[PDB]
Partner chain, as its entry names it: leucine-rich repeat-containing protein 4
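Form solved without the partner chain, single chain, as structure tokens, below.
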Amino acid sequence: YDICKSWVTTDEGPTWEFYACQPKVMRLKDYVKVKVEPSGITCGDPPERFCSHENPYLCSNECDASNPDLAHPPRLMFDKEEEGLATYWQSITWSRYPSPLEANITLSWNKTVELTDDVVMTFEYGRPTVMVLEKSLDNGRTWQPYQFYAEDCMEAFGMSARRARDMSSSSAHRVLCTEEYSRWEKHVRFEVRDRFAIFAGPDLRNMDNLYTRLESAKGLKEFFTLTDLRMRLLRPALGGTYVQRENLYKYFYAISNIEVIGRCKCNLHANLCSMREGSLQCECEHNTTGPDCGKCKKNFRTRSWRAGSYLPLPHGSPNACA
């Protein structure tokens, strides 16, 4: 689905032929607007000591937001790292214990995007005991749970622990709770590739079946769609025991990387998506308009707008505006 139109030779002469088309897969973290809340959740204002791997007993490592060499701003979750040098955002220590240590990390695209691979969240001082990943489809006006993470899913959310890998073709779009990334390894994953594998096989060689279901199965493609993601961090790493009240300088969130892989949502009417008026927008084909090619162009409204289709394989139906 790389081609929107092609100049073909028929029994009547040369014409333009139209196909369902999709833009390229991007490094979505490159287009992210980050916001970390609440105010003052990020270490270093005022300067604060913490326990690091190098100094785990004297705990004299300092986070100071006014010193570039000692600051951990949110921008460090999205930079290009050099070998042996992981850079990370860092929260305040759990000095307010038993008050919960909570951080809301919001990722905004101001464009509907489609996940094509796993969401990978990389932690430096242990992965959370409790975290919820949420998604928005209307630019943060509304939020819905997308994935739950807990060391104990039943204790945290009252949900049975399940894997995306254990789902059937009728439940590939189900929001699950998992213990795989929290149970006492830096990566927390939101399993996209495993959900494709339900339809395409674990080798992803049955692409035909996946394109067929992305079309025929209700809410399947919308499941991979979003304008925003939010990581609600609820409880930090506990090291497999109860909180050590004598040393709270030990507990904090440290995130070196958030990898988000996918393409713009162009309703199968565009193979190009780029920055237009300061935000990602589709370069619409098929006589369509709007940022997602969701509407017909002004002088092309003889028929009601339809999205393009992956079907019939391999090029699908363009379902152009007339």
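What we label the rigid core is the largest C-alpha set whose atoms superpose within 1.5 Å from one form to the other. Residue numbers count along the first chain shown, from 1.
Absent from the display: the form solved in complex with the partner chain. The rest refers to it.
Only one listed stretch (289-297, 66-74, 258-266, 23-31) carries heavy atoms within 4.5 Å of the partner chain in the bound PDB entry, and that stretch is 66-74. The partner is absent here, but in the bound PDB entry a heavy atom of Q244, alone among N104, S95, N139, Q244, sits within 4.5 Å of the partner chain. Interface residue among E180, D152, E81, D117, judged by heavy atoms within 4.5 Å of the partner chain in the bound PDB entry: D152. A residue is said to contact a partner when one of its heavy atoms sits within 4.5 Å of a partner heavy atom; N55 meets this definition for the partner chain in the bound PDB entry. At a distance threshold of 4.5 angstroms between non-hydrogen atoms, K35 is out of contact with the partner chain in the bound PDB entry.
Of the heavy atoms in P100, none are within 4.5 Å of the partner chain in the bound PDB entry.
When contacts are judged by a 4.5 Å heavy atom cut-off, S39 does not count as touching the partner chain in the bound PDB entry. Of all the residues from 280-312, none has a non-hydrogen atom no more than 4.5 Å from the partner chain in the bound PDB entry. A 2 Å or larger CA shift between the shown form and the other one, after fitting on the rigid core, occurs at just one of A164, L234, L133, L220, namely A164. With the core superposed, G294 shows a C-alpha displacement below 2 Å between the shown form and the other one. If you fit the rigid core between the shown form and the other one, you'll see the Cα of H53 move by 2 angstroms or more. Once the cores line up, the CA of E82 ends up 2 angstroms or more apart between the shown form and the other one. Inter-residue distance, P56 to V243 (Cα): reduced by at least 3 Å in the bound PDB entry versus the depicted form. CA of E102 to CA of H53: closer by 3 Å or more in the bound PDB entry than in the shown form.
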